[PDB]
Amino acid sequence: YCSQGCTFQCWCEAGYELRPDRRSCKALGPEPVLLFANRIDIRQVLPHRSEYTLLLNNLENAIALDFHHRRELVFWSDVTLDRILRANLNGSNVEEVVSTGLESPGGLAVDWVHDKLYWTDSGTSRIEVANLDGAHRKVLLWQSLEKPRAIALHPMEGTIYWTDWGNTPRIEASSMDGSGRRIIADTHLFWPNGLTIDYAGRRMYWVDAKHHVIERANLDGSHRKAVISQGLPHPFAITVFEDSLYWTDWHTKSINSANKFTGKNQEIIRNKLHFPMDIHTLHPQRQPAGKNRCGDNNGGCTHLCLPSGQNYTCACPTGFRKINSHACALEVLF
């Protein structure tokens, strides 16, 4: 639809150049790479060519994953080991991040702006946050959570989106401090497995594996649309780049692709995969630079500085109580 926007002429945004078709915005910089967890592996695949890049070689059960493009890091969850890990993007030096309090860590999200990590546990029915190293861990959300699975962030807007496939399945959003919580869609869902935000396109996409649909809504949940109504036997995770959607399917053990607008150009990027799980488009434009709300006043308040609404707030790591608005103290002192 003239891709990003047309105010006729077509308008591209920075990091994107208008293609001769005059509609398409091709991404500036390196080539896009599909990053996914094969449960036993984490592989980088080039989508419109045939490629296999073995990143992490020996794993028990990798599901949720994400990256910090600047700083070149790869985070992923292991649900058998019940640990969260990180490594350089090249796949060097595996490092434990979250070693405790995990049961079924199904979601993972990295804030490249504020350098924070958000993850969901369907077993613990909680959403948690910490520093990229694992420091200053806090429980962001707990009450009224069942099976939180997919999680995506909007560091620029300081907003968090996630999915719950529990007894009352829903897609929800809150500020990165856990405030301003609202329902995005609590209707016509059953298995909301995956979620993704198109930053340039300013829209959100999700998959329901029971309804076998990929849906686009505006970013507040408005103008809900199903873009793909077929060939979705058991989809799991979904991602976006340019005019294409990419997702993994458990039935076909494959990475699939189609057009965000028309839903056409159905494609199988790869198949015969062990057990494809979570997927991201590895590219600088998929992690757009933005204003750091917490950066350069006092770094992360005393402990945690989290974006809230039009501003930021200071929060206490678990085991801490708040001292005024800027500080925290341990729970055993008082």
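Just count from 1 along the sequence shown to find any residue number.
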Using the PDB record, quantify the missing residues of the deposited sequence between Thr7 and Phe8 as none, 1 to 3, 4 to 9, or 10 or more.
-> 4 to 9
Out of 274-282 and 287-295, which stretch has the higher average CA B-factor listed in the record?
-> 287-295
The stretch whose C-alpha atoms carry the larger average B-factor in the entry, 130-138 or 156-164, is 130-138
Of the choices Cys301, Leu35, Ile269, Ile63, which one's C-alpha carries the largest B-factor in the record?
-> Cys301
From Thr100, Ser229, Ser122, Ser92, residue of greatest CA B-factor | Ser92
If you rank every modelled residue in this chain by C-alpha B factor, which third holds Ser257: lowest, middle or highest?
-> lowest
Chain third (lowest, middle, highest) by recorded CA B-factor, residue given as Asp82 = highest
CA B-factor placement of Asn88, once the chain's modelled residues are sorted into thirds = highest
Lowest, middle or highest third: where is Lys225 by C-alpha B factor in its chain?
-> middle
Chain-relative C-alpha B factor for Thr196 (record values, thirds): the lowest
